[PDB]
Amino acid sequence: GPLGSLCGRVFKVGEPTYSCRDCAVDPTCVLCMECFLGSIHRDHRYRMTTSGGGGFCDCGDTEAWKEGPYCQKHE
């Protein structure tokens, strides 16, 4: 997987991405669905944006999230 990423996911065409409006630096900070659903951000105000192809999951990037950087799979 991409060097420097804990999750490793690169988004498929049509695959949902999740940015937490309450915690993300900006809308480019995203989680894949499995990371999002196992994260504290599932209860926050969020944005589901479908990837057009490409981009990558930011799970475990402690600079991307004001709180809750690791989902349960990546704890």
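Only the largest set of C-alpha atoms that superpose within 1.5 Å between the two forms is called the rigid core. Throughout, we count residues from 1 along the sequence that is shown.
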To spell it out: superpose each other structure in 7 other deposited structures of this protein onto this one by the rigid core, compute Cα RMS over structures and residues for 63-71 and for 6-14. Which is larger?
6-14
Decide which of the stretches 1-9 and 64-72 has the higher mean C-alpha B-factor, going by the entry.
1-9
Residue 41: C-alpha B-factor third of its chain, per the entry, is the middle
Report the third (lowest, middle or highest) to which the CA temperature factor of residue 50 belongs, ranking only the modelled residues of the same chain.
highest
